[PDB]
**Q** 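Once you've had a glance at the structure underneath, I'll fire off some questions.
The analysis underlying the following values was restricted to heavy atoms, covering all of them including side chains, and did not include hydrogens, waters or symmetry mates. Order of the sequence lines sets the chain letters (A, B, ...), proteins ahead of strands, with each chain counted from 1.
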Amino acid sequence: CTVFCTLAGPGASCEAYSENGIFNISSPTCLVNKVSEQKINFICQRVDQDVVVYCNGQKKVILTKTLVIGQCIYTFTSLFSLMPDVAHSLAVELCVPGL
Amino acid sequence: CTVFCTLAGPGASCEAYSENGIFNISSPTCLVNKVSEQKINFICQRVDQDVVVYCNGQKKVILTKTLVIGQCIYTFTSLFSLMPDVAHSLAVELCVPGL
Amino acid sequence: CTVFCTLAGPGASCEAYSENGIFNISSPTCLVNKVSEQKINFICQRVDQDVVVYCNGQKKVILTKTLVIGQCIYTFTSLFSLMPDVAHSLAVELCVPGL
Amino acid sequence: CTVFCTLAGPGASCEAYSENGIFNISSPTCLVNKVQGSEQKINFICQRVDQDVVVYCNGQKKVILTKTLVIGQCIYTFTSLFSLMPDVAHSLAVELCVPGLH
RNA sequence: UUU
RNA sequence: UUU
RNA sequence: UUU
RNA sequence: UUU
Ligand SMILES: *[C@@H]1O[C@H](CO)[C@@H](O[C@@H]2O[C@H](CO)[C@@H](O[C@@H]3O[C@H](CO)[C@@H](O)[C@H](O)[C@@H]3O)[C@H](O)[C@H]2NC(C)=O)[C@H](O)[C@H]1NC(C)=O
Ligand SMILES: *[C@@H]1O[C@H](CO)[C@@H](O[C@@H]2O[C@H](CO)[C@@H](O)[C@H](O)[C@H]2NC(C)=O)[C@H](O)[C@H]1NC(C)=O
Ligand SMILES: *[C@@H]1O[C@H](CO)[C@@H](O)[C@H](O)[C@H]1NC(C)=O
């Protein structure tokens with residue numbers, strides 16, 4: 001399915017989403033273990049290891065690096081927020097390595 | 001139908017609300033798709049394009065610029081939070097173009 | 001009942017809670033309208049006016065000033081967070097007018 | 001059961017989780033009170049964290065110290081500060097924030 | 001200041 | 001420090 | 001920029 | 001680094 005997480009304290013807050021429904025979902029690092037909703041919210045207490053979610057038979061890995069890139073965008077968007085027409089695009093340009 | 005989002009990492013965390021219930025909702029860029037509940041919470045993994053949400057036969061467009069204006073208000077409210085009587089209105093005055 | 005909100009972009013993210021269940025809840029400025037569970041979460045798009053909630057025939061007002069005090073505590077706890085034994089109480093001492 | 005909280009305004013936003021289901025959960029300060037299978041997880045808030053987070057869940061007393069919540073916010077804060085170096089930001093923040101760590 |  |  |  |  002699709003997994004989206006943002007940082008929360010020392011860990012992460014996540015959503016799993018599948019348009020046709022989430023039938024099973026588990027994680028070695030996060031508090032989710034269920035075997036039909038299309039959205040499931042869960043947390044990960046630490047992100048020392050990357051976020052690993054098994055969802056509908058598919059292994060998903062959201063790297064902690066990827067989470068930090070997303071936090072970078074949030075932080076620099078806020079820093080530039082008196083220029084609201086350009087803040088988000090400026091933050092993406094600074095924060096995403098391969099651009 | 002009302003849509004409200006705040007920034008979350010690289011994207012947005014959102015709610016769609018309709019007092020008499022949401023009968024259908026979709027988005028080209030956000031994780032929501034329904035073909036009756038008052039409230040639906042969903043996320044948008046990116047806001048490089050503005051948040052476009054279809055709800056109850058209406059096209060809703062929340063500009064990323066509008067989301068950054070709201071983040072500006074949050075950020076400057078916190079900056080000024082030792083002056084809790086005026087911090088919010090000061091933040092609105094700085095952050096909302098025109099005022 | 002009990003109402004607790006924190007700041008979210010230009011507005012607030014809130015919860016109402018009542019030990020014996022929430023039978024009625026509404027608000028002139030927040031997206032909540034029910035006419036039975038212990039807890040409901042709702043958002044307020046703006047806090048230019050204080051957050052006013054009617055819950056179980058009781059009128060609840062959380063002042064924006066109060067919200068900002070709470071955000072002060074959050075912000076200065078983060079600022080002092082390399083001293084985790086005293087960061088929270090230090091933030092309360094700086095941020096709460098009656099101390 | 002398991003309890004994880006992060007700071008929210010003057011208090012905390014929390015989640016409790018038990019693999020076999022949460023049947024009883026209460027708190028001397030947080031807004032949670034359930035008695036009676038049932039759901040694996042419940043979200044609740046605490047309006048203040050002056051006196052740590054104490055949760056009675058499935059007969060066991062859980063205490064998440066405010067100090068621990070602040071270490072966690074330290075990691076969030078320094079990860080953000082270091083976020084232009086996304087390969088190392090989290091590890092750096094842990095190294096700085098977790099007392100005694102080497 | 002979510003239109 | 002949500003009254 | 002959640003793969 | 002939620003014990
Ligand atoms: C959650 O809390 C409740 C109450 O605090 C616990 O209820 C307890 O349940 C056991 C059996 O499941 C009760 O024992 C039974 O007592 C009756 C007489 O009242 C007897 O006829 C039965 O044969 C059995 O011995 C126990 O009395 C009851 N406790 C109280 C205070 O009423 C429940 O077990 C808790 N669940 C978890 C997972 O902690
Ligand atoms: C989503 O639901 C709305 C609400 O019922 C639909 O709106 C009406 O749909 C009927 C069906 O064709 C039309 O005759 C009306 O003119 C519509 N009214 C309005 C105000 O939109 C809408 O068609 C539905 N759309 C989708 C894509 O499901
Ligand atoms: C809601 O319930 C209360 C308590 O029963 C009642 O007094 C009130 O009239 C109801 N409606 C509103 C709008 O408060």
**Q** Check every nucleotide of RNA chain G for an atom under 4.0 Å from a heavy-atom of chain B, then give the first and the last such nucleotide from 5' to 3'.
**A** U1(G) to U3(G)
**Q** Can you tell me how far CD1 of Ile69(B) sits from CG of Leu82(A), rounded to the nearest 0.5 angstrom?
**A** 10.5 Å
**Q** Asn24(C) vs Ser26(C), test: side chain to side chain contact (heavy atoms under 4.5 Å, CB included). Steps then yes/no.
**A** CA-CA 7 Å; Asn24(C) 271 347; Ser26(C) 70; over 6 Å; no
**Q** Evaluate the pair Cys95(A), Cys72(A) and indicate whether the two SG atoms are within a distance below 2.5 Å.
**A** yes
**Q** Hey, does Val61(C) reach any base, or is it just sugar-phosphate, or nothing, if we go heavy atoms under 4.0 Å?
**A** base
**Q** Remember a base hit wins even if backbone is also touched, and classify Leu69(D) as base, sugar-phosphate or nothing at under 4.0 Å, heavy atoms.
**A** base
**Q** Under the criterion side chain to side chain contact (heavy atoms under 4.5 Å, CB included), which of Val52(C), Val47(C), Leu67(C) is the partner of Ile62(C)?
**A** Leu67(C)
**Q** Side chains of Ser18(C) and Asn20(C) only: does a donor on one sit below 3.5 Å from an acceptor on the other?
**A** no
**Q** Just to be sure I understand the rule, does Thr6(B) reach a base, reach only the sugar-phosphate, or reach nothing, if contact means heavy atoms closer than 4.0 Å?
**A** nothing
**Q** Distance only, no hydrogens: is a donor on one side chain within 3.5 Å (strictly under) of an acceptor on the other, for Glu19(D) and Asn33(A)?
**A** yes
**Q** What contact category does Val51(C) fall into here, base, sugar-phosphate, or nothing, at under 4.0 angstrom with non-hydrogen atoms?
**A** nothing
